[PDB]
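Protein chains in written order, with PDB author numbering: chain C, 1 to 116; chain C', 1 to 116; chain C'', 1 to 116; chain A, 101 to 163, 163A to 163C, 164 to 245; chain A', 197 to 245; chain A'', 197 to 245; chain B, 403 to 457. A prime marks a further copy of an entry chain.
A short worksheet on the structure shown next.
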Amino acid sequence: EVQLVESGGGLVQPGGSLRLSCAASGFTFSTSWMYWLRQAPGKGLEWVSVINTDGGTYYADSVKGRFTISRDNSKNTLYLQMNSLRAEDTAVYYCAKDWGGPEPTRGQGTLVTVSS
Amino acid sequence: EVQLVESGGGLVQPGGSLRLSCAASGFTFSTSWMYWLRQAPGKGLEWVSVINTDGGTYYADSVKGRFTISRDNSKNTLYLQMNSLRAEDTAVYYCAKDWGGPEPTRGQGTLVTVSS
Amino acid sequence: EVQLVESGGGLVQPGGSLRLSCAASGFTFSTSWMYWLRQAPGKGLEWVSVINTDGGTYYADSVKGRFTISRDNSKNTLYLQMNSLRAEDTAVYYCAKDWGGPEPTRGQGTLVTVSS
Amino acid sequence: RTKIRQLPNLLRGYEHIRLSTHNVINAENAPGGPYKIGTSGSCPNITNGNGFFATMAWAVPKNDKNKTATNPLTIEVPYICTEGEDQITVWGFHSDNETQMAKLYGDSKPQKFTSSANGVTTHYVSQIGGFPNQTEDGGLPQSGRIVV
Amino acid sequence: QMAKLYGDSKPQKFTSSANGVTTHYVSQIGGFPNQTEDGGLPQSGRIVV
Amino acid sequence: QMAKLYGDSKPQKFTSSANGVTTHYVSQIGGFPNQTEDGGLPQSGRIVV
Amino acid sequence: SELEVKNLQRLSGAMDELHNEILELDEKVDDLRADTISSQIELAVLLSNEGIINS
Ligand SMILES: *[C@@H]1O[C@H](CO)[C@@H](O[C@@H]2O[C@H](CO)[C@@H](O)[C@H](O)[C@H]2NC(C)=O)[C@H](O)[C@H]1NC(C)=O
Ligand SMILES: *[C@@H]1O[C@H](CO)[C@@H](O[C@@H]2O[C@H](CO)[C@@H](O)[C@H](O)[C@H]2NC(C)=O)[C@H](O)[C@H]1NC(C)=O
Ligand SMILES: *[C@@H]1O[C@H](CO)[C@@H](O[C@@H]2O[C@H](CO)[C@@H](O)[C@H](O)[C@H]2NC(C)=O)[C@H](O)[C@H]1NC(C)=O
Ligand SMILES: *[C@@H]1O[C@H](CO)[C@@H](O[C@@H]2O[C@H](CO)[C@@H](O)[C@H](O)[C@H]2NC(C)=O)[C@H](O)[C@H]1NC(C)=O
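Have a look at this one:
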């Protein structure tokens, strides 16, 4: 089976920073597209950042210049560096593999709450 | 060349029984569809029964419950068991290989005459 | 590179004869279509004779019965035998390989001038 | 790349229009399978789970043993509407880059497709990689594309 | 039957072209629909015309 | 000539597609009809347009 | 005021891009029809005016 185990979330003040990590197993990491998703309470899922197999990256507009996605293939890890956090960033964040067809999978999530 | 040699026909009373056999050679029997045909005098050829390569069988309506086709692949033989014969069954009966395209072939026939 | 070097031209009287030759190199001669072209002064190029890879030949109408094309594959040579020459045959003559697409090539030419 | 855009305009030309409640064929057990049924994060359904177009089933080889190139296979698509009605059948094909193709389908060469109904035939050859930018879609990045 | 008849059992492809009108077909191997409108004799094969 | 020019002498296949209109062609190897309506120079090959 | 004349709509089956040649002919049928009906209606008015003036 595929396993995706996120951690690194926490409660932090606005303007602060966090680093999320995602431990992957049970599939061929280096040939997968990798995603960060988030779910703000009251809302559905939205994509935040993705990285393809050559290290090229894409971001949602609202996180540009704030969040950075990266991958460490040798250690089967996905990272999300989150700088200059906003209250509106409060959400559960999920790592994901191959979220577009056929067999998308999501991890268990790590909560990030930004509050003064 | 292909050879098909039928025998077992005869003169028999109505309500009686016959068993036709067909000795085949010169081709790959177990991959052929096999047929019995008959020609009543004054008429053209009509099909009576056929057997495919997995032993599944088909019959003309008028012989259902009366005639049974079977094959013995190991001995290159086709059989037609003819029970409860009728006067209207009087005809020359022919064994045939692959009667539908491309190279259909017919045997020499064996006469069955049913009369009181 | 391909090289085509023609010779055998000259100044000759009408009714006379010449033999052109074409030395080929740098390609696979025996799989090429081979051509003779000519350019009369004041005009553009026109084809005179061609030979395919099985030795079949084609000629422009005006040279029929007068000019003969031949090939010697073993010696990478194309010939044009020119009998019963006419003043109107005055031109520079060119040997050519694969004149129709993709990589047509022409030799350097040899001048034939027919005059009384 | 197809006539697909005109579909809703064709439909509106009819007085009565409905989507069948039955599946015209069984995807899982279709020829060249068995197949698992692909779903996507681009198409969130009502409870936000990964879904796909109701008109189609994304057929992905279930078993590695049968995960290989195939010669063209033919299925009949039956008429399941009620007498008098026209049936409009929607179908298509997914494609991707060379490496994703190998991983998904066990083959990274171009694939070929034909349809035929009432004497009308159409032919398509797929494209491997080098796709145009995403447009008119769920706004989520994908390496692959579908043709419908 | 394909192997025996033609020496090949993969699907076969066909095209026609006349006056700018082109058509394309790919054949089917086995699994044919029931016989209809025909000579009433069983066959393993089918034609397309 | 095919082998020499393109490195392949089997028939080649082509498709076009624009505004929902699709066309399909399969090429022919050798055995071509006589030249017509052309530059009047012998060629072993032919084009389709 | 009570003349009944049928109206003109699109073909239901003819699609843009696919059937442009048919759509051109459709437009042509409409154009000629409008002209014919206009002439037909014009004569009706001219005939009405004739009858009114004669009365
Ligand atoms: C939306 O997608 C989700 C996830 O694919 C569906 O939830 C699954 O529904 C199937 C029934 O088809 C169950 O077998 C699974 O156990 C469900 N899994 C989860 C995680 O919920 C959901 O039914 C879909 N909804 C619609 C309307 O299509
Ligand atoms: C598809 O989108 C990409 C970006 O998402 C476009 O690539 C950019 O094009 C602009 C020109 O307007 C350049 O200034 C950027 O440097 C390009 N970025 C990259 C990463 O290539 C691309 O042009 C779009 N496709 C088309 C056909 O316009
Ligand atoms: C094609 O014909 C066969 C029989 O010749 C049909 O198969 C039978 O279908 C009936 C249902 O009406 C069953 O009761 C029988 O048990 C079936 N027999 C066999 C041997 O399968 C078949 O349904 C026909 N095809 C179609 C599409 O109706
Ligand atoms: C194509 O042209 C060739 C000659 O250039 C034709 O072949 C000749 O046909 C005539 C019949 O009118 C014969 O008398 C000649 O012997 C043929 N010559 C050769 C070399 O074959 C050929 O018939 C033309 N093609 C067609 C379809 O007419």
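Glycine included, every Cβ here is placed at the ideal spot set by N, Cα and C.
Out of A:108, A:126, A:241, A:204, the CA that lies nearest to the CA of residue 165 of chain A is found in A:204. Cβ contact annotation for residue 210 of chain A' (same chain, cutoff 6 Å, sequence separation greater than five): 221, in chain order. Contact annotation: residue 189 of chain A and residue 244 of chain A have beta-carbon atoms nearer than 7 Å.
Assignment of residue 29 of chain C' by DSSP, reduced to helix, strand and coil, places it in the helix class. Contact annotation: the segment 77-93 of chain C' does not touch the segment 71-84 of chain C'', with fewer than three C-beta pairs closer than 8 Å. When distances are taken from the beta-carbon of residue 215 of chain A to the heavy atoms of ligand 3, even the shortest one reaches 6 Å or more.
For residue 53 of chain C', same chain residues with a beta-carbon under 8 Å away, outside a window of 5 residues either side, are 30, 31, 32, 33 in chain order. Non-local beta-carbon contacts of residue 116 of chain C'' in its own chain, meaning distances under 7 Å to residues more than five positions away in sequence, involve 13, 14 in chain order. Residue 197 of chain A sits buried, since 16 or more C-beta atoms from the chains shown fall within 10 Å of its C-beta. Chain order gives the chain A'' residues near residue 218 of chain A' as 219, 220, 221, where near means a beta carbon separation below 8 Å. Secondary structure note for residue 161 of chain A: its beta strand (DSSP E) is the uninterrupted segment 158-161. Within 6 Å of the C-beta of residue 422 of chain B there is not a single heavy atom belonging to ligand 4. For residue 224 of chain A'', the closest Cβ of chain C'' is not nearer than 7 Å. Two segments are said to touch when three or more pairs of C-beta atoms, one from each, lie closer than 8 Å; by this definition the segment 407-422 of chain B does not touch the segment 52-67 of chain C''. For residue 207 of chain A, the number of other beta carbons within 10 angstroms of its own is below 16, and it is reported as exposed.
For residue 230 of chain A, the CB falls within less than 6 Å of some heavy atom of ligand 2.
Taken through DSSP and simplified to helix, strand or coil, residue 75 of chain C' comes out as helix. Cβ atoms of residue 74 of chain C and residue 63 of chain C stay farther apart than 8 Å, at about 26 Å. Per DSSP, the continuous beta strand (DSSP E) segment holding residue 96 of chain C'' begins and ends at 91-97.
When the alpha-carbon of residue 202 of chain A' is set against those of A':238, A':231, A':225, the nearest one is in A':225. In this structure residue 154 of chain A does not touch residue 137 of chain A by the C-beta definition: roughly 12 Å separates them, more than the 8 Å allowed. Going by beta carbons, residue 134 of chain A and residue 163B of chain A fall outside the 7 Å limit. If you draw a straight line from the Cα of residue 83 of chain C to the Cα of residue 20 of chain C, it comes to about 11 Å. One alpha carbon belongs to residue 16 of chain C'', the other to residue 212 of chain A'', and they sit about 57 Å apart. Listed along chain A, the residues sitting closer than 7 Å to residue 31 of chain C by beta-carbon distance are 196, 200. Near ligand 1, meaning a Cβ closer than 6 Å to any of its heavy atoms, lie the following residues in chain order: A:139, A:145, A:146, A:147, A:149, A:150, A:151.
Residue environment: residue 117 of chain A is assigned as exposed (fewer than 16 neighbouring CB atoms within 10 Å of its CB, all protein chains considered). Using a Cβ distance threshold of 7 Å, residue 104 of chain C and residue 141 of chain A count as a contacting pair. With its beta carbon less than 7 Å from one in chain A', residue 58 of chain C' belongs to the interface.
Setting aside the 5 residues that flank it on each side, residue 2 of chain C is surrounded in the same chain by 26, 27, 105, each with a C-beta closer than 6 Å to its C-beta; the list follows chain order. Counting the other Cβ atoms within 10 Å of the Cβ of residue 239 of chain A gives 16 or more, which makes it buried.
Secondary structure of residue 150 of chain A (DSSP, three-state): strand. The alpha-carbon separation between residue 427 of chain B and residue 420 of chain B amounts to approximately 14 Å. Residue 64 of chain C'' sits in coil when the DSSP states are folded into three classes, being neither helix nor strand.
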